[PDB]
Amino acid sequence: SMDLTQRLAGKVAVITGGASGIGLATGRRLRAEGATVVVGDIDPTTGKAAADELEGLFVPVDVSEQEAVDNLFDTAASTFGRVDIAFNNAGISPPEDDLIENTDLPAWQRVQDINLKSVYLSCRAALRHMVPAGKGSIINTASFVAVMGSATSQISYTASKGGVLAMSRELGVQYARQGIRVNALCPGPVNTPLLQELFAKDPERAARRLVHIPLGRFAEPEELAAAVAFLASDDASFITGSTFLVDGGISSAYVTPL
């Protein structure tokens, strides 16, 4: 009776950072549930390729720029008449952003611009279309580091995601009687081919992290995709302002199982 293949039928979803990682996994999952996907990404090559795969739309965007972000959402609304879903997901974690002791202001500010400012811009743009429409679901990518701190610190990254979480929560409360939901996706660490190789080459480094993850592994991007589809859908109609942790138990755990 319940077919998930039409859960997002006819819904227009904008995804930033959509050409890779959880952004691309999410694009595939929303498309599989019937959504029309607008891929916004800084890379025109991988961006075009993603949109082609999803039978969707590519708009090039630097999410740290107000004009680019407005253009993304405005192009989406002009093309399809509406924006139903916004997955405000673009973010970076560059090597120059590290321990507070060795992280200088250019690194600090660049990460804020691309990770926190971008979410302010993206929410403002999405709301410009969603509010007069009387409906919408916004998912902002924060992180489990918005709730849990680490000795292996990337200090501007951590602050930016804390900012994303608190802003997401407030927006969710603010717009809760205007037909809109806003939620913060807080992923645990996410697996990549590069990490899989690195962890195999350095078991000590891997174990230093895995000992704090009850499930004993990083997330696959498809697992985050499943959560965004849930939040984007009417299955999450009573969920707004959420600290939506998909972290394999990290935030819940003291001593982990063997």
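Residues carry their position along the shown sequence, with the first being 1.
The mean C-alpha temperature factor is higher for 93-101 when 161-169 and 93-101 are set side by side. For the pair 73-81 and 118-126, the mean Cα B-factor is higher in 73-81. Per the PDB entry, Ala50 shows the highest C-alpha temperature factor of the residues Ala50, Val211, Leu215, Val228. Ranking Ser137, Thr152, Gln174, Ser156 by Cα temperature factor from the entry places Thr152 first. In the PDB entry, a CA B factor belonging to the highest third of its chain's modelled residues is recorded for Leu4. Compared with the other modelled residues of the chain, the Cα B-factor recorded for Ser233 ranks in the lowest third. Ranked by C-alpha B-factor against the other modelled residues of its chain, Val39 falls in the middle third. Among all modelled residues in its chain, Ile180 ranks in the middle third by Cα B-factor.
In the deposited entry, the Cα temperature factor of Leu30 sits in the middle third of values across the chain's modelled residues.
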